[PDB]
Ligand SMILES: Nc1nc2c(ncn2[C@@H]2O[C@H](COP(=O)(O)OP(=O)(O)O)[C@@H](O)[C@H]2O)c(=O)[nH]1
Ligand SMILES: [Mg+2]
């Protein structure tokens, strides 16, 4: 069976953990320990293909994790996530994309730019501005809400689709 | 640094 190795990155507070859990376990966690980096697996169907997602929800901390490095060396696609009510998280996106380019030594890594928390009225990073950024990277941009599950499947599945394309 | 702010921001 085919495995897709994904890495969810982004500034703190943006919703990396909520997006992953609401994907893997279909529920919205109110609080999930800030410190916790953990990988998540699940068998899903994407475009009529039964595959296994192997997702690393990153924590960004200093202490050495052999697993983290394993996900950086072999990870195939990335979600660069920010909150639409958190301007500073959008300003942090470039730093993560540059990191990813460093790890693969490639400007062409399958990535998805995600604006989480689309359920919230207070919006400081508007669509066009996020569309400008995603267009300058060459990647899909997807609006999500881990709270109401909106866009949650598309964000991860679009990443798997960017991975298939890169694979030929 | 997820580890500390967590649900907030920074
Ligand atoms: N309004 C709203 N709150 C969210 C959403 N996703 C997560 N949260 C809340 O955001 C907070 C922090 O996100 P978390 O899951 O810990 O991910 P982290 O930023 O990677 O630490 C928690 O209170 C979540 O319940 C969302 O899509 N909308
Ligand atoms: Mg996290």
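Cβ placement follows ideal geometry from the backbone for every residue including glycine, while neighbour counts extend to all protein chains displayed. Nothing in this text is a laboratory measurement; each read-out follows from the coordinates by a stated rule.
The table below lists the values:
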{"quantity": "Residue list for segment A:94-113, given a label point 7 angstrom along the Cα-to-Cβ vector of residue A:64 and an amide N cut-off under 18 Å", "calculated": "none"}
{"quantity": "DSSP beta bridges in the protein assembly as shown [antiparallel fraction, %, rounded to 5]", "calculated": "35"}
{"quantity": "Peptide ranges A:152-159, A:138-145 listed from the most packed, as the mean C-beta count within 10 angstrom indicates", "calculated": "A:152-159, A:138-145"}
{"quantity": "Relative contact order %, chain A, counting alpha carbon pairs below 8 Å whose residues are six or more apart", "calculated": "26"}
{"quantity": "Shape call, segment A:23-91: gyration tensor on alpha carbons, a/c limit 1.5", "calculated": "oblate"}
{"quantity": "Estimated 222 nm signal from helices in chain A, with DSSP H stretches of n ≥ 4 weighted -39500 (n - 2.57), rounded to 500", "calculated": "-10500 deg cm²/dmol"}
{"quantity": "Normalised per residue, the volume of the convex hull around the Cα set of the protein assembly as shown (Å³)", "calculated": "111"}
